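Visitor: If you read the sequences in order, they're chains A and C. Convert by adding 3 to the 1-based position in the first sequence; the result is the number in the authors' numbering. Convert by adding 1 to the 1-based position in the second sequence; the result is the number in the authors' numbering. From the three backbone atoms N, C-alpha and C, an ideal C-beta is built for every residue, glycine too. This is the structure, below, for whatever I ask next.
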Amino acid sequence: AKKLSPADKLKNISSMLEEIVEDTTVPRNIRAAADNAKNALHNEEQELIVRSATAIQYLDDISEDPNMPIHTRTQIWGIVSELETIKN
Amino acid sequence: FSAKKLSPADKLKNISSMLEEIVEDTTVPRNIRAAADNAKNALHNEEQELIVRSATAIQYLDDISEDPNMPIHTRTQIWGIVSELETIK
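Have a look at this one:
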């Protein structure tokens, strides 16, 4: 009857982020934004909800970019929605 | 200004597609696959407004989440679908 642990959620989100970072079809700056978001989630000086908010902001900032591929936008939406579920 | 975002239509499409993935997934208990189809059809219940349909779909998935037989991969897929359903407003 396992629920998903905070560690598992962060690992899943980070993998979704690395999927964008490694999608060499994606513009450099968007890949950079996803890696910043990814690194934000591993800031050990912050608790999870503060890391999550930080990562959300890096992702919202880039969502404003004119050359984002349709597939990447759907991906970011999923990552952000998952980030917003993180509580405690 | 509102942010560049997916349309509600596109969110629903993407959620339905993710649900269909579990439905067609043979490694999943039939009851959990049926729950994911139930959730998917709940989204197209044009009898209700979007908030209620989303919640109904979430409810199907939350009810089946307490199933001890659920595979790890499916649990992650459902967390993603629920998260996205929760943004439907």
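Alpha carbon to alpha carbon, how far is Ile82 of chain C from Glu50 of chain C?
Guide: 19 Å
Visitor: Using the beta-carbon count (16 or more within 10 Å), is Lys41 of chain C buried or exposed?
Guide: buried
Visitor: For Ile52 of chain C, collect the residues of the same chain with a Cβ closer than 8 Å to its Cβ; drop the 5 residues on either side in sequence, then sort them by chain order.
Guide: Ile89 and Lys90
Visitor: In whole angstroms, what separates the C-alpha of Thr75 of chain C from that of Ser84 of chain C?
Guide: 14 Å
Visitor: Name, going along the chain, the residues of the segment 40-67 of chain A whose beta-carbon falls closer than 9 Å to a beta-carbon of chain C.
Guide: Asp63, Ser66 and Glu67
Visitor: Quick one: list the residues of chain A neighbouring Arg31 of chain C, beta-carbon separation under 8 Å, in chain order.
Guide: The contacting residues do not exist; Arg31 of chain C stays about 19 Å from chain A at best.
Visitor: Could you spell out where the alpha helix (DSSP H) holding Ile65 of chain C opens and where it closes?
Guide: Unbroken alpha helix (DSSP H) run through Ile65 of chain C: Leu51 to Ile65.
Visitor: Do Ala37 of chain C and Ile23 of chain C have their beta-carbon atoms positioned less than 8 Å apart in this structure?
Guide: yes
Visitor: For the candidate residues C:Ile79, C:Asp68 and C:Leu44, whose alpha-carbon lies nearest to that of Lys5 of chain A?
Guide: Closest by alpha carbon: C:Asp68.
Visitor: Output the boundary residues of the alpha helix (DSSP H) element that contains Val24 of chain A.
Guide: The continuous alpha helix (DSSP H) containing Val24 of chain A extends over residues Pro9 to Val24.
Visitor: Once the 5 residues before and after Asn70 of chain C are set aside, which same chain residues still bring their CB inside 6 Å of it?
Guide: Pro30
Visitor: Note down, in chain order, every chain C residue with its Cβ under 9 Å from the Cβ of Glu85 of chain A.
Guide: Ordered by position in chain C, the residues that pass the 9 Å Cβ test against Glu85 of chain A are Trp80, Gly81, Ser84 and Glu85.
Visitor: Hey, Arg54 of chain A and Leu44 of chain A: beta-carbon distance below 8 Å or not?
Guide: yes
Visitor: Which residue from C:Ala56, C:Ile33 and C:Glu48 puts its Cα closest to that of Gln78 of chain C?
Guide: Among C:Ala56, C:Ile33 and C:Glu48, the Cα nearest to that of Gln78 of chain C is on C:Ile33.
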